[PDB]
>>> print(open('model_7.pdb').read())   # PDB, N, CA and C atoms
ATOM      1  N   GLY T   1     102.215 -98.589  77.755  1.00  0.00           N
ATOM      2  CA  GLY T   1     101.344 -99.454  76.981  1.00  0.00           C
ATOM      3  C   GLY T   1     100.348-100.200  77.847  1.00  0.00           C
ATOM      4  N   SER T   2      99.423 -99.462  78.452  1.00  0.00           N
ATOM      5  CA  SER T   2      98.412-100.062  79.316  1.00  0.00           C
ATOM      6  C   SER T   2      97.699-101.207  78.603  1.00  0.00           C
ATOM      7  N   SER T   3      97.980-102.432  79.038  1.00  0.00           N
ATOM      8  CA  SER T   3      97.369-103.613  78.440  1.00  0.00           C
ATOM      9  C   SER T   3      96.314-104.207  79.368  1.00  0.00           C
ATOM     10  N   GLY T   4      95.048-104.040  79.000  1.00  0.00           N
ATOM     11  CA  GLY T   4      93.963-104.565  79.809  1.00  0.00           C
ATOM     12  C   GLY T   4      92.625-104.496  79.100  1.00  0.00           C
ATOM     13  N   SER T   5      92.054-103.297  79.033  1.00  0.00           N
ATOM     14  CA  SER T   5      90.764-103.101  78.382  1.00  0.00           C
ATOM     15  C   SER T   5      90.865-102.048  77.282  1.00  0.00           C
ATOM     16  N   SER T   6      90.286-102.353  76.125  1.00  0.00           N
ATOM     17  CA  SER T   6      90.313-101.436  74.992  1.00  0.00           C
ATOM     18  C   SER T   6      89.841-100.045  75.407  1.00  0.00           C
ATOM     19  N   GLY T   7      90.578 -99.025  74.981  1.00  0.00           N
ATOM     20  CA  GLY T   7      90.221 -97.659  75.317  1.00  0.00           C
ATOM     21  C   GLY T   7      90.778 -96.654  74.328  1.00  0.00           C
ATOM     22  N   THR T   8      90.148 -96.562  73.161  1.00  0.00           N
ATOM     23  CA  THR T   8      90.587 -95.635  72.126  1.00  0.00           C
ATOM     24  C   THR T   8      89.748 -94.363  72.134  1.00  0.00           C
ATOM     25  N   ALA T   9      88.463 -94.509  72.440  1.00  0.00           N
ATOM     26  CA  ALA T   9      87.554 -93.371  72.485  1.00  0.00           C
ATOM     27  C   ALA T   9      87.307 -92.923  73.922  1.00  0.00           C
ATOM     28  N   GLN T  10      88.128 -93.420  74.841  1.00  0.00           N
ATOM     29  CA  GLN T  10      87.997 -93.070  76.251  1.00  0.00           C
ATOM     30  C   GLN T  10      88.164 -91.569  76.458  1.00  0.00           C
ATOM     31  N   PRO T  11      87.599 -91.055  77.559  1.00  0.00           N
ATOM     32  CA  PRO T  11      87.671 -89.631  77.897  1.00  0.00           C
ATOM     33  C   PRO T  11      89.078 -89.202  78.302  1.00  0.00           C
ATOM     34  N   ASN T  12      89.801 -90.105  78.958  1.00  0.00           N
ATOM     35  CA  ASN T  12      91.160 -89.820  79.401  1.00  0.00           C
ATOM     36  C   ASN T  12      92.178 -90.270  78.357  1.00  0.00           C
ATOM     37  N   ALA T  13      92.090 -91.536  77.961  1.00  0.00           N
ATOM     38  CA  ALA T  13      93.002 -92.090  76.967  1.00  0.00           C
ATOM     39  C   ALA T  13      93.297 -91.076  75.867  1.00  0.00           C
ATOM     40  N   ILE T  14      92.258 -90.381  75.415  1.00  0.00           N
ATOM     41  CA  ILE T  14      92.408 -89.381  74.365  1.00  0.00           C
ATOM     42  C   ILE T  14      93.140 -88.147  74.882  1.00  0.00           C
ATOM     43  N   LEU T  15      92.667 -87.612  76.001  1.00  0.00           N
ATOM     44  CA  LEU T  15      93.277 -86.430  76.601  1.00  0.00           C
ATOM     45  C   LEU T  15      94.782 -86.619  76.766  1.00  0.00           C
ATOM     46  N   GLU T  16      95.184 -87.831  77.135  1.00  0.00           N
ATOM     47  CA  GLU T  16      96.596 -88.141  77.325  1.00  0.00           C
ATOM     48  C   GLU T  16      97.345 -88.103  75.996  1.00  0.00           C
ATOM     49  N   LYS T  17      96.604 -88.235  74.901  1.00  0.00           N
ATOM     50  CA  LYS T  17      97.195 -88.215  73.569  1.00  0.00           C
ATOM     51  C   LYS T  17      97.502 -86.786  73.131  1.00  0.00           C
ATOM     52  N   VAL T  18      96.469 -85.949  73.095  1.00  0.00           N
ATOM     53  CA  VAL T  18      96.629 -84.556  72.696  1.00  0.00           C
ATOM     54  C   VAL T  18      97.521 -83.802  73.675  1.00  0.00           C
ATOM     55  N   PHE T  19      97.876 -84.462  74.773  1.00  0.00           N
ATOM     56  CA  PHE T  19      98.727 -83.855  75.789  1.00  0.00           C
ATOM     57  C   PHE T  19     100.201 -83.982  75.412  1.00  0.00           C
ATOM     58  N   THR T  20     100.576 -85.151  74.902  1.00  0.00           N
ATOM     59  CA  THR T  20     101.955 -85.404  74.503  1.00  0.00           C
ATOM     60  C   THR T  20     102.072 -85.539  72.989  1.00  0.00           C
ATOM     61  N   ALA T  21     101.137 -86.268  72.390  1.00  0.00           N
ATOM     62  CA  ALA T  21     101.135 -86.471  70.946  1.00  0.00           C
ATOM     63  C   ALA T  21     100.954 -85.151  70.205  1.00  0.00           C
ATOM     64  N   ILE T  22     100.478 -84.137  70.920  1.00  0.00           N
ATOM     65  CA  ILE T  22     100.260 -82.822  70.329  1.00  0.00           C
ATOM     66  C   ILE T  22     101.001 -81.740  71.109  1.00  0.00           C
ATOM     67  N   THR T  23     100.545 -81.480  72.329  1.00  0.00           N
ATOM     68  CA  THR T  23     101.164 -80.470  73.178  1.00  0.00           C
ATOM     69  C   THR T  23     100.584 -80.504  74.587  1.00  0.00           C
ATOM     70  N   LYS T  24     101.450 -80.339  75.582  1.00  0.00           N
ATOM     71  CA  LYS T  24     101.023 -80.349  76.977  1.00  0.00           C
ATOM     72  C   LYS T  24     100.069 -79.194  77.263  1.00  0.00           C
ATOM     73  N   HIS T  25     100.181 -78.131  76.473  1.00  0.00           N
ATOM     74  CA  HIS T  25      99.326 -76.960  76.640  1.00  0.00           C
ATOM     75  C   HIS T  25      98.514 -76.696  75.376  1.00  0.00           C
ATOM     76  N   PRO T  26      97.409 -77.439  75.216  1.00  0.00           N
ATOM     77  CA  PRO T  26      96.525 -77.302  74.054  1.00  0.00           C
ATOM     78  C   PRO T  26      95.757 -75.985  74.062  1.00  0.00           C
ATOM     79  N   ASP T  27      95.462 -75.471  72.874  1.00  0.00           N
ATOM     80  CA  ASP T  27      94.729 -74.217  72.744  1.00  0.00           C
ATOM     81  C   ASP T  27      93.227 -74.472  72.657  1.00  0.00           C
ATOM     82  N   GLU T  28      92.446 -73.395  72.695  1.00  0.00           N
ATOM     83  CA  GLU T  28      90.994 -73.504  72.623  1.00  0.00           C
ATOM     84  C   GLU T  28      90.570 -74.346  71.423  1.00  0.00           C
ATOM     85  N   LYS T  29      91.016 -73.943  70.239  1.00  0.00           N
ATOM     86  CA  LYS T  29      90.684 -74.659  69.012  1.00  0.00           C
ATOM     87  C   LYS T  29      90.779 -76.168  69.220  1.00  0.00           C
ATOM     88  N   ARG T  30      91.846 -76.603  69.883  1.00  0.00           N
ATOM     89  CA  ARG T  30      92.055 -78.021  70.148  1.00  0.00           C
ATOM     90  C   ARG T  30      90.981 -78.562  71.088  1.00  0.00           C
ATOM     91  N   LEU T  31      90.892 -77.975  72.276  1.00  0.00           N
ATOM     92  CA  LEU T  31      89.908 -78.398  73.267  1.00  0.00           C
ATOM     93  C   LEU T  31      88.536 -78.580  72.628  1.00  0.00           C
ATOM     94  N   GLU T  32      88.193 -77.684  71.707  1.00  0.00           N
ATOM     95  CA  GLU T  32      86.909 -77.748  71.021  1.00  0.00           C
ATOM     96  C   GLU T  32      86.673 -79.136  70.434  1.00  0.00           C
ATOM     97  N   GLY T  33      87.714 -79.701  69.829  1.00  0.00           N
ATOM     98  CA  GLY T  33      87.602 -81.020  69.235  1.00  0.00           C
ATOM     99  C   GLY T  33      87.323 -82.097  70.264  1.00  0.00           C
ATOM    100  N   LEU T  34      88.005 -82.017  71.402  1.00  0.00           N
ATOM    101  CA  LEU T  34      87.828 -82.993  72.471  1.00  0.00           C
ATOM    102  C   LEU T  34      86.399 -82.965  73.004  1.00  0.00           C
ATOM    103  N   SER T  35      85.827 -81.768  73.088  1.00  0.00           N
ATOM    104  CA  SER T  35      84.466 -81.604  73.582  1.00  0.00           C
ATOM    105  C   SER T  35      83.570 -82.739  73.096  1.00  0.00           C
ATOM    106  N   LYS T  36      83.779 -83.158  71.852  1.00  0.00           N
ATOM    107  CA  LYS T  36      82.994 -84.237  71.266  1.00  0.00           C
ATOM    108  C   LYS T  36      83.363 -85.579  71.888  1.00  0.00           C
ATOM    109  N   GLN T  37      84.576 -86.043  71.605  1.00  0.00           N
ATOM    110  CA  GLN T  37      85.051 -87.315  72.139  1.00  0.00           C
ATOM    111  C   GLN T  37      84.746 -87.428  73.630  1.00  0.00           C
ATOM    112  N   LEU T  38      85.192 -86.438  74.396  1.00  0.00           N
ATOM    113  CA  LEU T  38      84.967 -86.426  75.837  1.00  0.00           C
ATOM    114  C   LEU T  38      83.500 -86.158  76.158  1.00  0.00           C
ATOM    115  N   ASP T  39      82.837 -85.409  75.283  1.00  0.00           N
ATOM    116  CA  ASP T  39      81.429 -85.081  75.471  1.00  0.00           C
ATOM    117  C   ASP T  39      81.250 -84.078  76.606  1.00  0.00           C
ATOM    118  N   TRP T  40      82.264 -83.248  76.819  1.00  0.00           N
ATOM    119  CA  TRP T  40      82.220 -82.242  77.875  1.00  0.00           C
ATOM    120  C   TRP T  40      82.281 -80.836  77.290  1.00  0.00           C
ATOM    121  N   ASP T  41      82.211 -79.834  78.160  1.00  0.00           N
ATOM    122  CA  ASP T  41      82.259 -78.442  77.729  1.00  0.00           C
ATOM    123  C   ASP T  41      83.702 -77.977  77.555  1.00  0.00           C
ATOM    124  N   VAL T  42      83.933 -77.152  76.537  1.00  0.00           N
ATOM    125  CA  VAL T  42      85.268 -76.635  76.262  1.00  0.00           C
ATOM    126  C   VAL T  42      85.980 -76.236  77.549  1.00  0.00           C
ATOM    127  N   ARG T  43      85.200 -75.850  78.555  1.00  0.00           N
ATOM    128  CA  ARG T  43      85.757 -75.442  79.840  1.00  0.00           C
ATOM    129  C   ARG T  43      86.020 -76.656  80.727  1.00  0.00           C
ATOM    130  N   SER T  44      85.148 -77.654  80.629  1.00  0.00           N
ATOM    131  CA  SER T  44      85.283 -78.868  81.426  1.00  0.00           C
ATOM    132  C   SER T  44      86.569 -79.609  81.074  1.00  0.00           C
ATOM    133  N   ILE T  45      86.948 -79.550  79.802  1.00  0.00           N
ATOM    134  CA  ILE T  45      88.159 -80.214  79.335  1.00  0.00           C
ATOM    135  C   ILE T  45      89.399 -79.626  79.998  1.00  0.00           C
ATOM    136  N   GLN T  46      89.593 -78.323  79.828  1.00  0.00           N
ATOM    137  CA  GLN T  46      90.741 -77.639  80.412  1.00  0.00           C
ATOM    138  C   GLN T  46      91.005 -78.133  81.830  1.00  0.00           C
ATOM    139  N   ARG T  47      89.946 -78.215  82.630  1.00  0.00           N
ATOM    140  CA  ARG T  47      90.064 -78.671  84.009  1.00  0.00           C
ATOM    141  C   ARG T  47      90.924 -79.929  84.095  1.00  0.00           C
ATOM    142  N   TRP T  48      90.713 -80.848  83.160  1.00  0.00           N
ATOM    143  CA  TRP T  48      91.470 -82.095  83.129  1.00  0.00           C
ATOM    144  C   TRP T  48      92.938 -81.834  82.814  1.00  0.00           C
ATOM    145  N   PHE T  49      93.184 -80.950  81.853  1.00  0.00           N
ATOM    146  CA  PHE T  49      94.545 -80.612  81.455  1.00  0.00           C
ATOM    147  C   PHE T  49      95.273 -79.874  82.576  1.00  0.00           C
ATOM    148  N   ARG T  50      94.753 -78.706  82.942  1.00  0.00           N
ATOM    149  CA  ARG T  50      95.353 -77.901  84.000  1.00  0.00           C
ATOM    150  C   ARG T  50      95.793 -78.780  85.168  1.00  0.00           C
ATOM    151  N   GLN T  51      94.958 -79.753  85.518  1.00  0.00           N
ATOM    152  CA  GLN T  51      95.261 -80.660  86.618  1.00  0.00           C
ATOM    153  C   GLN T  51      96.310 -81.686  86.205  1.00  0.00           C
ATOM    154  N   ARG T  52      96.205 -82.168  84.972  1.00  0.00           N
ATOM    155  CA  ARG T  52      97.145 -83.157  84.455  1.00  0.00           C
ATOM    156  C   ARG T  52      98.585 -82.718  84.703  1.00  0.00           C
ATOM    157  N   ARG T  53      98.950 -81.566  84.152  1.00  0.00           N
ATOM    158  CA  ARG T  53     100.298 -81.035  84.311  1.00  0.00           C
ATOM    159  C   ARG T  53     100.666 -80.918  85.788  1.00  0.00           C
ATOM    160  N   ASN T  54      99.783 -80.301  86.565  1.00  0.00           N
ATOM    161  CA  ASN T  54     100.014 -80.123  87.994  1.00  0.00           C
ATOM    162  C   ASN T  54     100.447 -81.434  88.642  1.00  0.00           C
ATOM    163  N   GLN T  55      99.677 -82.490  88.401  1.00  0.00           N
ATOM    164  CA  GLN T  55      99.982 -83.801  88.963  1.00  0.00           C
ATOM    165  C   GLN T  55     101.314 -84.323  88.435  1.00  0.00           C
ATOM    166  N   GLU T  56     101.546 -84.134  87.140  1.00  0.00           N
ATOM    167  CA  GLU T  56     102.782 -84.587  86.512  1.00  0.00           C
ATOM    168  C   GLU T  56     103.944 -83.668  86.873  1.00  0.00           C
ATOM    169  N   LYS T  57     104.864 -84.177  87.685  1.00  0.00           N
ATOM    170  CA  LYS T  57     106.026 -83.405  88.108  1.00  0.00           C
ATOM    171  C   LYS T  57     106.990 -83.191  86.944  1.00  0.00           C
ATOM    172  N   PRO T  58     107.726 -82.072  86.983  1.00  0.00           N
ATOM    173  CA  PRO T  58     108.697 -81.726  85.940  1.00  0.00           C
ATOM    174  C   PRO T  58     109.915 -82.645  85.955  1.00  0.00           C
ATOM    175  N   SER T  59     110.593 -82.739  84.816  1.00  0.00           N
ATOM    176  CA  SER T  59     111.774 -83.586  84.697  1.00  0.00           C
ATOM    177  C   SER T  59     113.032 -82.825  85.107  1.00  0.00           C
ATOM    178  N   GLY T  60     113.943 -83.520  85.781  1.00  0.00           N
ATOM    179  CA  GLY T  60     115.178 -82.895  86.220  1.00  0.00           C
ATOM    180  C   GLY T  60     115.131 -82.482  87.678  1.00  0.00           C
ATOM    181  N   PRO T  61     116.315 -82.306  88.284  1.00  0.00           N
ATOM    182  CA  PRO T  61     116.431 -81.908  89.690  1.00  0.00           C
ATOM    183  C   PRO T  61     115.986 -80.468  89.923  1.00  0.00           C
ATOM    184  N   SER T  62     115.699 -80.138  91.179  1.00  0.00           N
ATOM    185  CA  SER T  62     115.258 -78.794  91.535  1.00  0.00           C
ATOM    186  C   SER T  62     116.359 -78.041  92.275  1.00  0.00           C
ATOM    187  N   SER T  63     117.297 -77.481  91.518  1.00  0.00           N
ATOM    188  CA  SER T  63     118.406 -76.736  92.102  1.00  0.00           C
ATOM    189  C   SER T  63     118.125 -75.237  92.079  1.00  0.00           C
ATOM    190  N   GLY T  64     118.503 -74.553  93.156  1.00  0.00           N
ATOM    191  CA  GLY T  64     118.283 -73.122  93.242  1.00  0.00           C
ATOM    192  C   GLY T  64     117.219 -72.759  94.258  1.00  0.00           C
TER     193      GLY T  64
END
>>> encode(input="model_7.pdb", output="structure tokens")
Amino acid sequence: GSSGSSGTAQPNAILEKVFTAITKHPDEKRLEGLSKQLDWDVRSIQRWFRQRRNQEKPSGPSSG
């Protein structure tokens, strides 16, 4: 619950929503919608996602 500055139409704040509130791996159809809010290219968006997951480490220990 980031409490500081209003950010509902933010470029990231939103991306973080469709990431968990919808799915960590959004499809083209989805990205298309973000293109507006984010104001980027359907391809520019993915870049944010692909990286998002990468940065976010998986849950649970790494055995094996």
>>> resolve_selection(input="model_7.pdb", expression="the PyMOL selection byres ((chain T and resi 11-19) around 8)", output="ChimeraX atom specification")
/T:7-10,20-26,34,37-39,48-49
>>> axis_aligned_box(input="model_7.pdb", around="region 47-55 of chain T", padding_each_side="5 Å", output="lines of an AutoDock Vina configuration file")
center_x = 95.6
center_y = -81.1
center_z = 85.2
size_x = 21.4
size_y = 16.4
size_z = 17.5
>>> select_by_dssp(input="model_7.pdb", residues="region 18-54 of chain T", states="alpha helix (DSSP H)", output="number ranges by chain")
T: 28-38, 42-54
>>> atom_distance(input="model_7.pdb", atom1="CA of residue 29 (chain T)", atom2="CA of residue 42 (chain T)")
9.3 Å
>>> atom_distance(input="model_7.pdb", atom1="atom C of residue 47 (chain T)", atom2="atom C of residue 64 (chain T)")
29.1 Å
>>> atom_distance(input="model_7.pdb", atom1="atom C of residue 52 (chain T)", atom2="atom N of residue 28 (chain T)")
16.4 Å
